[PDB]
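Just the one chain here, the form deposited in one PDB entry, laid out as structure tokens.
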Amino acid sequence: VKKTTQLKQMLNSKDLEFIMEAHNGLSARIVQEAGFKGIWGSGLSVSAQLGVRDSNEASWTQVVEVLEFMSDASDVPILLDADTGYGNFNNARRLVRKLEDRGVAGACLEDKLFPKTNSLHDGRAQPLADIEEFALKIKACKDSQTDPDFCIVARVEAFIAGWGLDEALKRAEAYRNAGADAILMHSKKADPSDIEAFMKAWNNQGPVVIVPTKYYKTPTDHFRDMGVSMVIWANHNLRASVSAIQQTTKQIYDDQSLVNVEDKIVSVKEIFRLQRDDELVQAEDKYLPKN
């Protein structure tokens, strides 16, 4: 069934669902083959892989293109981390159109200003979007959809910006009232206190998504206990990939030889396998003169 429908069911299941980050077509295929039911198109990981910062440096179409290759390499839905929507309601609704066309399942937008600053920094400025304004941006995206199953997740940055539960709840309520398919409540505390607080006051008004990067020590069953609908593992493949490349590059640099890595890395045939080279081999058998 449609990737959009797959993601919507997930956001709406009372069951706790999990999406894993991917940041390129290769990693999207890997996450798929692992069994994950959804993919998180991480804004940080996509910017990082390109070698730029997570501050809207690469253009929205450069992001979308990375996402197109990812969509093509995967059968499970991708929820794009669309930052603040790359501009106003009009830039956001144009983004949704391009997203739908590429097979991307949903877009997550955070209530800050363009260009944004990664939520994980401390001390940095985290100005928030006006509430009525942001809600209308959420509504324009929903209003503008062609496929009714496409998802719009509204990310509340109130705790991240030093505001309280009061603000967090007003904005979550507003975004939900504007048609958001789920609310992503964010927090950068090493514990889940902001989340516990929010979930308690929310009174299960709608599905809630969380990103436990900072409070990763919290047992997952606690999230189930709170009634969270989905958890996003945000940037670990990007992070694992950097450890590997630094370790590998240093070893080859030091040895001036491949002997100490050849057996610690996937083979060339595994690469060809993940690129689905065999399919092409079938196709050439069928579409090229035998002689």
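Residues carry their position along the shown sequence, with the first being 1. Take the two forms, find the largest set of C-alpha atoms that superpose within 1.5 Å, and that set is the rigid core.
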### Query
Do at least a third of the other compared PDB entries leave residue 147 without coordinates?
no
- Message: At a threshold of one third of the other compared entries, does residue 120 come out as unmodelled?
- Response: yes
When mean C-alpha B-factors in the record are compared for 86-94 and 123-131, the larger belongs to 123-131
Comparing 259-267 with 38-46, the higher average Cα temperature factor in the PDB entry belongs to 259-267
Max C-alpha B-factor within the set 57, 65, 225, 33 falls on 225
Of the residues 136, 152, 208, 201, the one whose Cα carries the largest B-factor in the deposited record is 201
Chain thirds by Cα B factor, record data; residue 23 belongs to the lowest
Binned into thirds over the chain's modelled residues, the C-alpha B-factor of residue 213 lands in the middle
Chain-relative C-alpha B factor for residue 193 (record values, thirds): the highest
By the entry's values, the third containing the CA B factor of residue 75 is the middle
Chain-relative C-alpha B factor for residue 106 (record values, thirds): the lowest
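What comes next is about the form deposited in another entry, which is not displayed.
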Across 165, 174, 136, 120, the single C-alpha shifting 2 angstroms or more between this form and the one not shown with the core held fixed is at 120
In that other deposited form the CA atoms of residue 193 and residue 119, compared with here and shifted by at least 3 Å, lie farther
A change of 3 Å or more separates this form from the other: in that other deposited form, the C-alpha atoms of residue 121 and residue 67 are farther
